[PDB]
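Every number here is computed from the coordinates shown, using simple stated rules; none is lab data. All Cβ positions, even for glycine, are placed from backbone atoms using ideal geometry, and neighbour counts span all protein chains on display.
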There are 4 protein chains.
Amino acid sequence: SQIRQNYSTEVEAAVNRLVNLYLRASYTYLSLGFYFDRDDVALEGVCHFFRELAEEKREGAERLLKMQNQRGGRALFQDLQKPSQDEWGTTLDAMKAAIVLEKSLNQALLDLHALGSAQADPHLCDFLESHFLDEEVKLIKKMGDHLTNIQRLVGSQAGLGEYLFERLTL
Amino acid sequence: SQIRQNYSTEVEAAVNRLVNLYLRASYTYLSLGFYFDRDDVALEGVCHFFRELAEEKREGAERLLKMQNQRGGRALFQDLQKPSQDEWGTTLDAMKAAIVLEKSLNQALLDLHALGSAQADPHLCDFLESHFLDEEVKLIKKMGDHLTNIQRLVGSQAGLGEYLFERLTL
Amino acid sequence: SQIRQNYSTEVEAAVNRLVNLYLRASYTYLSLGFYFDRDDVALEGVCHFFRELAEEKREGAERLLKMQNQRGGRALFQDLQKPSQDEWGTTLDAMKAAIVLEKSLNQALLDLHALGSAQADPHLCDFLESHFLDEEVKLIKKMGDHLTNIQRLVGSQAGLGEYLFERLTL
Amino acid sequence: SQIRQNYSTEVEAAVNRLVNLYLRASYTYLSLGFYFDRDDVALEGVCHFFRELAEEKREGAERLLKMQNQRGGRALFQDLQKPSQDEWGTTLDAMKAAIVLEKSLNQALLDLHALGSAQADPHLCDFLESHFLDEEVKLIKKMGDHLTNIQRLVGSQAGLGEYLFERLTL
C-alpha cells in the first residue's frame with residue numbers, strides 16, 4: 001500500500017479480530033434487546049438499554065474499519081457467531097452477561113494497545129485511547145451500578161424489584 | 001490593624017476555629033459523596049445530596065474568612081483532620097452521621113454567637129444570624145425529614161426502601 | 001470489585017496520595033488568596049488569581065476521585081496538612097511559592113504516569129494526559145511569565161511595581 | 001404619641017445626635033470632594049469617591065429620621081458644624097481623615113446599639129444591624145485597602161503615585 005507506514009501485519013490482523021468481536025457484541029445486544037420486548041418478558045426499558053448498545057458496538061466496529069483503511073491495512077471479515085444464549089432470564093441475568101461481554105472487549109482492547117506499544121505504533125495507541133478505552137471504563141461502571149441496584153432490589157420479591165428498576169432507572 | 005474596631009482577640013480566634021470546622025465538614029461531605037458513587041453502593045441521588053453540602057460548607061468557610069478580613073482579624077489555618085469514617089454504611093447511617101455533624105456546627109455557631117454577645121459585638125451577631133443560624137435550622141429540619149422517611153421505608157425490606165428513597169426523594 | 005480490571009493496587013494507592021496532594025494545594029491557594037485580601041496587603045488581583053487556583057485544584061481532586069470510582073478502586077482520605085506559611089510576603093514571594101507547589105504536583109503527576117506505564121495501564125496514562133499533564137504545563141508557563149514581569153517591575157521601587165502588576169496584569 | 005411603644009426618651013435623643021453626626025459627615029465629604037476638584041489639586045477620581053460618600057451619609061441621616069418618625073419620636077435638629085479642615089492635603093491625608101471619621105460614626109452606631117440593648121429595644125437593634133453596622137464595616141475595609149495602596153505607592157515619588165492611584169483604582 002502506497003500509504004502504509006509503521007503499520008505492522010500483526011496489528012492489521014488484530015484490528016480485524018477486534019472488528020469481529022465488536023460485531024459479535026452488537027449481535028448479542030440485538031438479541032438481548034428483542035428478548036426483553038417479548039410479550040412474556042415485557043421490560044421495555046431493559047430492551048432500549050440493550051438495543052442502544054447494539055448500535056454502540058456496531059459503530060465501534062465501523063470506526064475500527066475506517067481506521068484500518070486509514071493506515072493502509074486490509075479489512076477481512078469472518079463469520080459472526082450467534083449470541084451465546086437464546087433466552088436471557090431476568091434483568092439481573094442479562095446485566096451479568098452484559099458486563100462479562102464488556103470486560104472481554106476491554107481485555108481485547110487492552111491486549112491490542114499492548115501490541116501497539118510493543119510495535120511502537122503510537123497512532124494506534126492514541127486511536128484506542130481516544131475512542132475506546134475510556135468509553136469501556138464508563139460503560140462497565142454503569143453496568144456495575146445497575147447490577148448493585150438490581151441486586152439490592154430483587155431481595156424478597158424479585159418481581160416487584162424488576163418492574164421498579166425498569167420503571168425508575170432505565 | 002488600622003481598621004480593627006470592637007473586634008476582640010477571642011472572637012478572632014473562634015472565627016478561625018469555626019473556619020476549620022466548616023472545612024472539616026466540607027471534607028466529610030466530599031467523602032460521604034464519593035462513597036455513594038462506588039459501583040457497589042451506587043445511589044447517585046445520595047451522592048448528589050452530600051456533594052452539594054460539601055460545596056455549601058466550603059462556601060461557609062470562605063464567608064467566615066472574608067468576614068475575618070473585613071474586621072481586621074488574621075486568618076490562621078490548621079490541619080484538616082480526615083472524615084471520621086472510610087465507609088458510611090446505608091443511606092440511613094449516612095443521614096444520621098450528617099445530622100450529628102450539622103448539630104455540632106450549629107452548637108459551635110451558637111457558642112460563637114454567645115461569645116459575640118458577651119463581647120458586645122453586634123456586627124458578629126448579625127453576621128452569624130443572617131448567613132448561618134437560619135440555614136443550619138432549615139438544613140437540620142430537612143435531614144430530620146429525610147431520616148423519618150428513610151426509617152419508615154427501611155422496614156421489612158431495607159433494599160427496596162433505600163432504592164425508592166433515592167429514586168423518589170433525592 | 002465486579003468492575004475492576006487492569007487496575008493495580010499500587011495505582012489505586014497513588015491516586016489516593018495524589019488526591020491528598022491536590023486538596024493540599026487547594027488549601028494553600030485558599031490561604032494565599034485570603035492573605036492578599038488583608039486590609040494591610042490589599043492586592044485584590046493577586047487574591048483573585050490564587051482563589052481561582054484553589055477552585056482548580058479542588059476540581060482536580062474531585063476528578064481523580066471520580067476516576068478512582070470508575071476503575072473500581074476505593075477512595076481513602078487522609079489529614080490535610082495546613083499550608084506551609086501563615087503570611088506570604090510580596091506577590092513575588094507568593095508567585096515563587098506557587099511555582100514550587102505546581103512543580104511538585106507536576107512531578108507527582110509524572111511519577112504516577114510512569115507507574116501506569118510500568119503497570120501497563122493505558123487508561124490511567126490517557127486519563128492523566130488529557131486532564132492534567134498539559135494543564136500543569138500551561139499553568140507553570142503562566143506563573144513563569146508572571147515571575148519575569150514581577151521581577152522586571154520590582155526593581156528600584158517594589159511598591160509601585162507590585163501595584164502596577166496587580167492593576168495591569170492580574 | 002399614640003403609636004409610641006417601647007421607645008425610650010434616651011434612644012430618641014441618641015437617634016437625634018446620630019442624625020447630626022451623619023449630616024456632619026455628609027458635609028465633610030462634600031468639602032473633601034470639592035477640594036480635589038480644585039484646578040490646583042485636580043484628582044477627579046478622588047473627588048467622585050468623596051462626593052458619593054457625601055450622598056451616602058445624607059441618606060443615612062434621612063433613614064434615621066424616617067425611623068424616628070416610625071417609632072413616634074420627634075426629630076430635633078441642631079447646628080451643623082463645618083468640616084474640620086479647609087484644605088485636605090494629599091489623597092493619603094484625605095483617606096486618613098476619612099477613616100478617622102468613619103470609625104467615629106461606627107463607634108456612635110455601636111454605642112447606640114448598646115443603648116438599645118440596655119433599653120431592651122430589639123427593633124432599634126435590628127434597624128441598626130440591617131442598614132448601618134455592616135455597611136460601616138465594608139466601608140472602613142475599603143478605605144483601609146485604599147490606604148495600603150496609597151502608602152505603597154507614595155514611596156520614592158508621591159506625585160506619580162497619587163496620579164496612578166487616582167487613575168487605576170478610583
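Average partner chain C-beta neighbours within 10 Å, per residue of C:152-160?
Values: counts 0, 0, 0, 0, 2, 7, 2, 8, 9.
For peptide C:152-160, the averaged partner shielding equals 3.
Volume per residue, Å³, of the convex hull around the alpha-carbon atoms of region A:76-170? Numbers along the way, then the final one.
Working: hull volume 11.5 nm³, N = 95.
Hull volume normalised by residue count: 121 Å³.
When only DSSP loop residues count, what trypsin sites (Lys or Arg not before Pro) in region A:1-94 have their Cβ near at most 14 other Cβ atoms within 10 Å?
Details: sites: A:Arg4, A:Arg17, A:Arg24, A:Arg38, A:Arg51, A:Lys57, A:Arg58, A:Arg63, A:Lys66, A:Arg71, A:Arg74; in loops: A:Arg4, A:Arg38, A:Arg71, A:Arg74.
Loop-located and lightly packed - A:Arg4, A:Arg38, A:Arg74.
Regarding the protein assembly as shown, what's the average projected area of the Cα-atom convex hull, expressed in nm²?
Working: hull surface 160.8 nm².
Directional mean of the projected Cα hull area for the protein assembly as shown stands at 40.2 nm².
Using a 7 Å offset from the Cα along the Cα-to-Cβ direction at both C:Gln85 and D:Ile3, what is the distance between the two label points in nm, to one decimal?
5.8 nm
Out of the GluC sites (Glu not before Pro) in region D:63-147, which ones are loop residues according to DSSP with at most 10 other C-beta atoms within 10 Å?
On the way: sites: D:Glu87, D:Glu102, D:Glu129, D:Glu135, D:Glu136; in loops: D:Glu87.
For GluC sites (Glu not before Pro) across region D:63-147 that sit outside H, G, I, E and B with at most 10 neighbouring Cβ atoms in 10 Å, the list reads D:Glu87.
What is the average number of partner chain Cβ atoms found within 10 Å of a Cβ in D:108-119? Mind dumping the intermediate values first?
Details: counts 0, 3, 6, 0, 0, 5, 2, 0, 1, 3, 0, 0.
Averaged over the peptide's residues, the number is 2.
What is the sum of charges around D:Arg167, taking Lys and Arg as +1, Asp and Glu as -1, for the other residues whose C-beta is under 15 Å from the C-beta of D:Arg167? Write out the running numbers ahead of the final one.
Values: positive: C:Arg167; negative: C:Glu166, D:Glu44, D:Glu162, D:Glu166.
Around D:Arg167, the surrounding residues sum to -3.
Using a 10 Å cut-off on Cβ to Cβ distances, tally the other chain neighbours for every residue of A:127-136 and report the average as a whole number.
3
Please state the charge dipole magnitude for region D:9-169, taken about the Cα centre, from unit charges on C-beta atoms (+1 on K and R, -1 on D and E), reported in debye and rounded to the nearest 20.
Details: 18 positive and 26 negative charges, 34 e Å.
Value, rounded to 20: 160 debye.
Please name whichever of C:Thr9, C:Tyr22, C:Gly60 sits farthest to the positive end of the charge dipole of chain C, dipole taken about the Cα centre and charges placed at Cβ: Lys and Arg +1, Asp and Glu -1.
C:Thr9
Calculate the length of the line joining the C-alpha centroid of region A:3-34 to that of region B:46-118, in whole Å.
52 Å
Specify the angular offset, from 0 to 90 degrees and rounded to the nearest 10, of the alpha carbon long axis of helix D:91-118 from the longest principal axis of the alpha carbons in chain D.
10 degrees
How large is ³J(HN,Hα) for each residue in region C:51-63, as worked out from phi by the Karplus curve 6.51 cos²θ - 1.76 cosθ + 1.60 (θ = phi - 60°), to whole Hz, x for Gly and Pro?
Computed from phi, the couplings for region C:51-63 are 6, 5, 5, 3, 5, 4, 5, 4, 5, x, 5, 4, 5 Hz.
Which of B:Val137, C:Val41, C:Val154 has the fewest other C-beta atoms within 10 Å, and how do the rest follow up to the most?
Working: B:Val137 11, C:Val41 24, C:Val154 18.
With the fewest neighbours first, B:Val137, C:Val41, C:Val154 line up as B:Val137, C:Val154, C:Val41.
Could you list B:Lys82, C:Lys142 in order of exposure, starting from the residue whose Cβ has the fewest other Cβ atoms within 10 Å?
Values: B:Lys82 17, C:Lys142 12.
Fewest-to-most Cβ neighbours within 10 Å comes out as C:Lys142, B:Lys82.
List the distances, in nm to one decimal, from the label point of A:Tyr163 to the label points of the same position in every other copy, shortest first, placing each label point 7 Å from Cα along the Cα-to-Cβ direction.
Those label-point separations list as 1.3, 7.6, 8.4 nm.
Principal axis lengths of region C:122-170 from Cα atoms, whole Å, largest first?
52, 16, 10
Calculate the dipole size of the protein assembly as shown relative to its Cα centre from +1 charges on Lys and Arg beta carbons and -1 charges on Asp and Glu beta carbons; express the result in debye to the nearest 20. Write down the numbers at each step before the final one.
Details: 76 positive and 104 negative charges, 62 e Å.
With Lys and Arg at +1 and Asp and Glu at -1, about 300 debye.
Would you mind listing the distances between the D:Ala42 label point and the same position in each other copy? Use 7 Å along Cα-to-C-beta, nm, one decimal, shortest first.
Result for D:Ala42, in nm, nearest copy first: 2.6, 7.7, 9.2.
Given region A:9-169, what count of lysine pairs have C-alpha atoms under 17 Å apart, with each pair 8 or more places apart or on different chains?
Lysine pairs, 8 or more places apart or on different chains, close enough: 12.
Run the label-point distances for A:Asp93 please: 7 Å along Cα to Cβ, every other copy, nanometres, shortest first.
3.3, 7.2, 9.5
Let me know the charge dipole size of region C:13-98 about its Cα centre in debye, to the nearest 20, where only the beta-carbon of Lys, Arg (+1) and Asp, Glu (-1) is charged. Kindly include the intermediate steps, with their values, before the conclusion.
On the way: 12 positive and 13 negative charges, 159 e Å.
Using only the charged Cβ atoms, the result is roughly 760 debye.
At q = 0.12, 0.17, 0.19 Å⁻¹, what base-10 log of I(q)/I(0) does the Debye formula yield for region A:9-169 when every alpha carbon is treated as an equal point scatterer in vacuo?
-0.57, -0.97, -1.13
Could you line up C:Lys96, A:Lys141 from fewest to most neighbouring Cβ atoms inside 10 Å? If you can, show how the numbers build up before the last one.
Working: C:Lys96 17, A:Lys141 20.
The fewest-first ordering by Cβ neighbours comes to C:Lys96, A:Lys141.
Given the C-alpha atoms of region C:1-97, compute the convex hull and give its volume per residue in Å³. Please list the in-between numbers first.
Values: hull volume 8.8 nm³, N = 97.
Expressed per residue, the convex hull around the Cα atoms of region C:1-97 is 91 Å³.
Provide the net charge surrounding D:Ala25, with neighbours chosen by a C-beta distance below 12 Å and charges set as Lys +1, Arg +1, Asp -1, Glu -1. Kindly include the intermediate steps, with their values, before the conclusion.
Values: positive: D:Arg24, D:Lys57, D:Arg58, D:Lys103; negative: D:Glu55, D:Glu56, D:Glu59, D:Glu102, D:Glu136.
That sum, taken over residues with Cβ under 12 Å, equals -1.
For region B:9-169, what's the relative contact order in percent, using C-alpha pairs closer than 8 Å and at least 6 residues apart? Please report the intermediate quantities before stating the final value.
Values: 145 pairs, mean separation 40.6, N = 161.
Once divided by the residue count of region B:9-169, the mean separation gives 25 percent.
Taking +1 at the Cβ of each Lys and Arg and -1 at the Cβ of each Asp and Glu, which of C:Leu109, B:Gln81, B:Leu32 sits farthest along the dipole of the protein assembly as shown towards its positive end, judged by Cα position relative to the Cα centre?
The listed residue farthest towards the positive side: B:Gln81.
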